[PDB]
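Chemist: Begin with these chain(s), straight out of the complex:
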Amino acid sequence: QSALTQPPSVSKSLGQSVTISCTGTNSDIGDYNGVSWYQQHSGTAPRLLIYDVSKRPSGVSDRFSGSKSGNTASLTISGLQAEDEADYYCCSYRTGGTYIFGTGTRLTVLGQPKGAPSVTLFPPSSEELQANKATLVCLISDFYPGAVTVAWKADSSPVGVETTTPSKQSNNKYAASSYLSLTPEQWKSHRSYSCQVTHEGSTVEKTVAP
C-alpha cells in the first residue's frame, strides 16, 4: 500500500529546465502506461497535466513533457515560468484495479523580481469592541520572495499573536496576515501598537492608536 516516491522539494530558477522523478514498482509504473501527472496550486483542486505516460491534454503548455523507463516516471518542465510554481503529483494504475499517487513535489521558482511588502494595519472594529473583545489585523501583500518575519509592538515594547504562513496570491507574489488579540482595556491602555514586517534586508512598519 506504499505510495509512488517523489522528491518533496525542488528549487529552480526562471527559464531553467527541471525534471521530477517518480519511482514505483512493477505493478504500477512498470507494467502499465497508466501514468498520469497532476498540478495543484494552493486553495485549488488538482489539474491533469500528463496522461498515458507522455500525452498532453489540450490547454496544457507544451513546456510539460512526460516519460518513463522501468519503474521510474519522469515529468520534465522546460523554461520554468513563475506560474509553474505548484505541487506536482505522480499517479498510476496498479494491478488489482487501484490507483496510487506519488507523495508529491513542491516546486519553487527562484529567480523572480523581488517585491517589497505593502502593509495595511486595522484597529479593532467598533462592533467587536461592543462585544468586549479587541483584535488588530495586519495584512501583508505583494512581496517576493515569500519569507517574512512579523513582530508586534505596544508603543515600543515588544509583544497574543498568530500569523499565517505566507501564501499564493499568486500572480507573482505572496501575502500573509498576523493578528494581535487584545482585551479592550489593554487596547485602551498603550498610546500605540505597531506591526513590523521584516523582508529581505528591509522592514516595513505600521502603527495604530486608540
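Modeler: Alright, I've got the coordinates. Residues are numbered from 1 along each chain as shown, chains lettered A, B, ... in the order given.
Chemist: Could you give the secondary structure assignment for residue A:127?
Modeler: helix (DSSP: H, G, I helix; E, B strand; the rest coil).
Chemist: neighbours of the closest residue to residue A:33 other than its chain neighbours, just the number please.
Modeler: Distances taken as CB to CB, 6 or more residues apart in numbering put residue A:53 closest to residue A:33, at 4.9 Å, once the chain neighbours are dropped. Bear in mind the C-beta positions are built from the backbone N, C-alpha and C, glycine included. For residue A:53, the count of nearby residues is 18 (other CB atoms under 10 Å).
Chemist: is it fair to say residue A:53 lies in a strand?
Modeler: No - according to three-state DSSP, residue A:53 belongs to no strand; its state is coil.
Chemist: where's it relative to residue A:147, distance?
Modeler: 37 Å (CB to CB, to the nearest Å).
Chemist: Could I get the phi/psi values of the nearest residue to residue A:92 once chain neighbours are set aside?
Modeler: Closest residue in space to residue A:92, ignoring its immediate chain neighbours: residue A:28 at 4.0 Å, by CB to CB, 6+ apart. When read as degrees, to the nearest 10, the backbone of residue A:28 gives phi -130, psi -90.
Chemist: surely residue A:28 meets residue A:4?
Modeler: Yes - Residue A:28 is in contact with residue A:4 according to CB atoms under 8 Å; the separation is 6.9 Å.
Chemist: what do those two both touch?
Modeler: Listed contacts common to residue A:28 and residue A:4 are A:92, A:100; contacts here mean CB atoms under 8 Å, 6 or more residues apart in numbering.
Chemist: Export only the CA atoms of stretch A:142-157, formatted as CSV.
Modeler: Only the C-alpha atoms of stretch A:142-157 are listed here, as CSV (Å, rounded to 0.1, in the frame of the first residue of the first chain):
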residue,chain,number,x,y,z
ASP,A,142,2.7,41.8,-2.8
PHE,A,143,6.1,40.6,-1.5
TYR,A,144,8.5,38.4,-3.4
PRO,A,145,10.3,36.3,-2.2
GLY,A,146,8.0,34.6,0.3
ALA,A,147,9.9,34.8,3.6
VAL,A,148,8.7,37.3,6.2
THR,A,149,9.0,37.8,10.0
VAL,A,150,6.2,39.6,11.7
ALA,A,151,6.7,41.3,15.0
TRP,A,152,4.3,43.3,17.1
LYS,A,153,4.9,46.3,19.4
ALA,A,154,2.9,48.1,22.0
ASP,A,155,4.1,51.7,22.0
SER,A,156,7.7,50.4,21.6
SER,A,157,7.9,47.4,23.9
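Chemist: in it, what counts as buried?
Modeler: Buried residues in stretch A:142-157, counting neighbours by 16 or more other CB atoms under 10 Å, are found at A:143, A:144, A:145, A:146, A:148, A:150, A:151, A:152, A:153, A:154.
Chemist: what about the fifth one, distance to residue A:194?
Modeler: This means residue A:148. Taking CB to CB, one finds residue A:148 at 15 Å from residue A:194.
Chemist: can you check the second one too?
Modeler: As judged by CB to CB, residue A:144 and residue A:194 stand 24 Å apart.
Chemist: Extend the structure above with chain B:
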Amino acid sequence: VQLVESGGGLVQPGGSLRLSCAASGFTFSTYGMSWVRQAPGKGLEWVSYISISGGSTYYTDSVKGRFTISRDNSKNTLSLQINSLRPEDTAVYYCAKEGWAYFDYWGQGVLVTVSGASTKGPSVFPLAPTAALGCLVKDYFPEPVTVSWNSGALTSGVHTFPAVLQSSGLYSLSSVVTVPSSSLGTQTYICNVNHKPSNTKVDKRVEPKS
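Modeler: Time to bring in chain B:
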C-alpha cells in the same frame, strides 16, 4: 463540465457521513468515477473507484471495511459513504471523473472534519477604510468558510487569506479588497460569508470609519 460536491462538515470520531457529487456537461454513464482525498498537511490519496455500470468497486487499503462507493446513472450522481471515522480521516474529498486510467476533471472538494468538538458559526466584523476595506471572519469551527464580495460581482483587488487556528480551538480569517479611494461614498461594499458546516450565511456591509 461540472462536478458539484456535497455532504461533509463536522462529525464525531466513530461516526458516519455520506458525500455525494452531482455531474454535468459529460455523459456520466460512460465513465468510471473516483474519490480522492487530501489531508490538510499532506498529499493526494486515491480512495475509491466505481466502474461505469456500478458492478465493480475498488478501495484503497486504509479505507476498506469502512467506505462504500455507489453511483446512480439516471440521476448523474456519485456517492461515498464514510464510516467509523477517525481524526486522521480529516480531509478534503474530491470526486474525480476518469478519462481512461487518469482523472481529467476534479470537483472542488468538500472538507470533512472529524472531531469531538462542536459546530460554531462565525462572527463577522468590518475592517473599515487607494483604500483597503475588509471583513474579519472570527471564531468559527470547523473549516471551511467561503467569502465573496458583492455577490461575486466584485473581483479585482480581492484577496481572502488562509485561516488562522487560535489556541482557543477556533478559526479566524480575513478578506480584503483594494478600492479606488474616490468611491468610498458612491459604491456599496458587502462581504458575503458562507459557513456551510453551520448552515450560517452572513452578509456584512462595510462602511467608512466614523
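Chemist: The buried residues of stretch A:142-157 again please, chain B included this time.
Modeler: A:142, A:143, A:144, A:145, A:146, A:148, A:150, A:151, A:152, A:153, A:154 (16 or more other CB atoms under 10 Å in any protein chain shown).
Chemist: Can you give me the domain assignment for chain B?
Modeler: B:1-116, B:117-210 (curated CATH domains).
Chemist: Reformat the ones you listed as TSV; add mean neighbour count and distance to residue A:38.
Modeler: Below are these laid out as TSV (neighbours: other CB atoms under 10 Å in any protein chain shown; distance: least, CB to CB, whole Å):
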stretch	mean neighbour count	distance to residue A:38
domain B:1-116	18	7
domain B:117-210	17	21
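Chemist: Which one of these lies nearest to residue A:134?
Modeler: domain B:117-210 (10.8 Å; CB to CB).
Chemist: any bit of the closest one sitting next to chain A?
Modeler: Yes - judged by CB under 8 Å from any CB of the partner chain, domain B:117-210 and chain A are in contact via B:123, B:125-128, B:132, B:134, B:136, B:138, B:159, B:161-166, B:172-174, B:176, B:210.
Chemist: So which of those sit within strands?
Modeler: Secondary structure from DSSP state E places B:123, B:125-127, B:132, B:134, B:136, B:138, B:159, B:164-165, B:172-174, B:176 of those in strands.
Chemist: Which residue would you name as the spatial centre of chain B?
Modeler: Among the residues of chain B, the one closest to the centroid is residue B:110, at 4.1 Å (CA atoms, centre = their mean).
Chemist: Please enumerate the helices of chain A.
Modeler: A:126-130, A:184-189 (DSSP state H).
Chemist: Out of the ones you listed, the one nearest residue B:150 is which?
Modeler: helix A:126-130 (20.2 Å).
Chemist: buried residues in the closest one?
Modeler: A:128, A:129.
Chemist: re earlier: find the pair from the buried residues of stretch A:142-157 with maximum spatial separation.
Modeler: Farthest-apart pair in the buried residues of stretch A:142-157 is A:144 and A:154; separation 30.2 Å (CB to CB).
Chemist: Out of the ones in strands among the residues of domain B:117-210 next to chain A, which comes closest to residue A:174?
Modeler: Nearest to residue A:174 among these, with distances taken as CB to CB, is residue B:159, at 10.5 Å.
Chemist: how near is the closest one to residue A:161?
Modeler: Note on residue B:159: its distance to residue A:161, by CB to CB, is 21 Å.
Chemist: Ok, residue B:181 next?
Modeler: Residue B:181 sits 30 Å away from residue A:161, going by CB to CB.
Chemist: so who does residue 127 touch?
Modeler: You didn't pick a chain, so chain A it is. Contact partners of residue A:127, counting by CB atoms under 8 Å, 6 or more residues apart in numbering or on different chains, are B:125, B:126.
Chemist: try again with chain B
Modeler: A:122, A:125, A:137, B:133, B:134, B:135, B:136, B:174, B:176, B:206.
Chemist: what do you get if the cut-off is 7 Å, keeping everything else the same?
Modeler: By CB atoms under 7 Å, 6 or more residues apart in numbering or on different chains, the contact list for residue B:127 reads A:122, A:125, A:137, B:133, B:134, B:135, B:136, B:174.
Chemist: Please apply the same query to residue A:24.
Modeler: Residue A:24 neighbours (CB under 7 Å, 6+ apart): A:4, A:30, A:71, A:92.
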